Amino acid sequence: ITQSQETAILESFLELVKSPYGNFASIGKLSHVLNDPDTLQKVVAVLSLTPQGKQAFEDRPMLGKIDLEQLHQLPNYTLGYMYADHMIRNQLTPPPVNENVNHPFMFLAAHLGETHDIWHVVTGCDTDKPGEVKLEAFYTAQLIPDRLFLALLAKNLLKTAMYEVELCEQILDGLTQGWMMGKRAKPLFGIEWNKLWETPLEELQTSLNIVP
């Protein structure tokens, strides 16, 4: 990499070390500079080696508009109930329906962006700090050879060492668990979640080889 690209990476990395979790603007900035088109094409090609991956780039399945209230009426063992409950408790607002996902790079980012909270629920990762690290290790296992989630792991390890080292064991226990769970699970990329709202979460996890 050029010295210029390197300084933009390190500057974004420093902003993430110094700011709270969930700094999506700086994560996006780090992403732009860290995952270049060559990296993104290799991720697209790897994900495309499975039939579910290949089809998802062809069909570009999107979530669509989500009715949190209606999902919250489902039986409380379903994916739909659990997802809605996760959104209420964490004060999260569902993703805005997006339309420009033509290029594979744009579908990759839009699909992963809008299903982030669903992957939280399906992998069983809490939204506390060790749970975010756990989910990032899970992403790292599934999106090889991506660079972003590896760097997000690094940023959270440094943040732990500098500001809150009492969390060390819980943070590395989470990273360790999400890495192993990520290697063992089936690919989550490309799944059409809005057809699974009434599926019981535990059976969905079992069929995905997720053992929470």
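Counting begins at 1, following the sequence as shown.
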Please work out which of 48-56 and 171-179 has the higher mean CA B-factor as recorded in the PDB entry. 48-56
Mean B factor on CA atoms, stretches 96-104 and 120-128, record says higher is 96-104
Highest recorded Cα temperature factor - choice among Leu148, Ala161, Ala154, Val33: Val33
From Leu71, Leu112, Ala141, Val133, the top C-alpha temperature factor is at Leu71
Here the Cα B-factor of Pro37, set against its chain, lands in the third termed lowest
On the chain's distribution of Cα B-factors, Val165 falls within the third called lowest
Ranked C-alpha temperature factor of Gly64 among modelled chain residues, by third: middle
So where's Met82 on the chain's Cα temperature factor ranking, which third? middle
